[PDB]
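Listed below are the residues making up each chain.
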Amino acid sequence: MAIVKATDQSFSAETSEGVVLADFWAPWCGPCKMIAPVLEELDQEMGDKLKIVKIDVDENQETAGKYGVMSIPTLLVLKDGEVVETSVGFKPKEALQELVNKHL
C-alpha cells in the first residue's frame, strides 16, 4: 500500500497492530538505498498483509539500542508488539519475500 515512517515516539504503537517489518536505515549508507526498491516490491506484494516502517538510526538511537542495533541496513520483523526476527545487509526480493511469508 504505502510504507510508514516512525521514531522512538511512535515505533512501539506502529509495531503493535499486526505483522510489521521495519528497516533501520540511514541515507549515507548505499545498501539502505539499494534495498529500498526491494522493500517497495514487498510493499506492493505484501504491504497490506504486513506493514513496513522506515526508521532512521540517528533519530531513534534509543529505540535501535533497544534491540542492540547501531548498524544499517538492519531489517527487523515484529508481530503484535514484539520482535520476532532481525537481519542485516541487502537482500534480493526472492529471499526477502520468502523470509516474510514464513512469518505471516
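Residues numbered from 1 in each chain as written, not as in the entry; some residues may be left out. Heavy atoms only, no water.

- Method of determination, as annotated in the archive: solution NMR.

**Some remarks on the pattern of salt bridges**
Then, number 1: In total, this model carries five salt bridges according to the counting rule given.
Then, number 2: The residue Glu45 makes a salt bridge to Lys93 at a minimum N-O spacing of 2.8 Å. Of this pair, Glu45 sits in helix 3 (residues 36-46) while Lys93 sits in helix 5 (residues 93-101); the two residues are 48 residues apart in sequence, bridging distant segments of the chain. (Salt bridge = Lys/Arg side-chain N within 4 Å of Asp/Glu carboxyl O. Helix = DSSP H or I, 4+ residues; strand = E, 2+ residues; numbered from the N terminus.)

**Focus: the side chain of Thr15**
Then, number 1: Looking at the secondary structure, you find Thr15 in the loop between helix 1 (11-14) and strand 2 (19-25).
Then, number 2: Of the residues examined, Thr15 reaches a relative accessible area of 3% and is grouped as buried.
Then, number 3: Looking at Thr15, its side chain comes within polar contact range of the main-chain oxygen of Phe11, at 2.7 Å. (Buried < 20%, exposed > 50% of the residue type's maximum accessible area, 1.4 Å probe, protein only. Polar contact = N/O pair within 3.5 Å; in protein donor to acceptor, adjacent residues only side chain to side chain.)

**Examining the sheet that holds strand 4 (residues 74-79)**
Then, number 1: The strand order across the open sheet built from five strands is 1-3-2-4-5, with neighbouring strands paired in mixed fashion. In this open sheet, the two strands that pair with only one neighbour each are strand 1 (4-5) and strand 5 (82-88).
Then, number 2: The sheet contact formed by strand 4 and strand 5 spans six bridges and is antiparallel. Note that in strand 5 the partner of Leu76 across the bridge is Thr86. (Pairing = 2+ DSSP bridges.)

**Quick notes on the nonpolar core**
Then, number 1: One finds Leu21, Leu39, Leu50, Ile52, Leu96 and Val100 to be the most contacted residues of the largest nonpolar core, which totals 14 residues.
Then, number 2: Mapped by element, the contributors of at least two residues to this core are strand 2, helix 3, strand 4 and helix 5.
Then, number 3: If you tally residues by element for this core, the top one is helix 3, at four residues.
Then, number 4: The residues touching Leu50, leaving out its near neighbours within four places in the chain, are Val19, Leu21, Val100, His103 and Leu104.
Then, number 5: Core analysis: the second largest hydrophobic core is formed by 13 residues, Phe11, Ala26, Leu76 and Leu78 among them. (Core = buried A, V, L, I, M, F, W, Y, C linked by side-chain atoms within 4.5 Å. Contact = heavy atoms within 4.5 Å.)

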